[PDB]
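The chain below stands alone and is given as structure tokens, in the form deposited in one PDB entry.
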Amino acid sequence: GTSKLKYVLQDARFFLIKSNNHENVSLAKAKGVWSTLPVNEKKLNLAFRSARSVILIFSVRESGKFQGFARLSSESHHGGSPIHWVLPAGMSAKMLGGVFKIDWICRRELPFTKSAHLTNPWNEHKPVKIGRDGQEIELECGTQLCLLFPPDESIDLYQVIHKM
């Protein structure tokens, strides 16, 4: 079913994550963490305080797909055991030093061809696949985008609901 998923997405905020490589999304799925540039770090920390759920929706650049979506379970935190991110050019380890814990809600992919009917009012009504890393996605668009993903039957949202 989809009722707990809908409950998690109730009045959530949604942010588009654009990764320059597959390796870091695979690491994020394995280790339950994400890091972003300081300008986005600040926005996510603020939104983590503001809403029942903050949802990250991941797309690897040039893949033509989303790779899944996850819910922030913490604010960012610096200085722990370093995450072995593959660093994009011009991106240093210090720039990505803030670590967010995340709980994955869906690790299945969705091709851009299936979201062509969803546009994001916070990005000039462009198709929701279009956007820079950290672009916020409006509530209705974000909800519908998440509901388009194939079910991930490996996930139990019972614990995530307890964190809300």
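Heads up: residue numbers just count along the shown sequence, starting at 1. Here, rigid core means the biggest group of C-alpha atoms that superpose within 1.5 Å across both forms.
Quick note: we don't show the form deposited in another entry, though the next part is all about it.
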{"item": "Only residue that shifts (Cα, 2 Å or more, rigid core superposed) between the shown form and the other one, among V39, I130, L46, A116", "value": "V39"}
{"item": "C-alpha of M91 moved at least 2 Å between the shown form and the other one on rigid core", "value": "yes"}
{"item": "Note on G79-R107 C-alpha separation in the other entry, which departs from the shown form by 3 angstroms or more", "value": "closer"}
{"item": "Cα-Cα trend for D133 and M91, given that in the other entry the distance shifts by 3 Å or more", "value": "farther"}
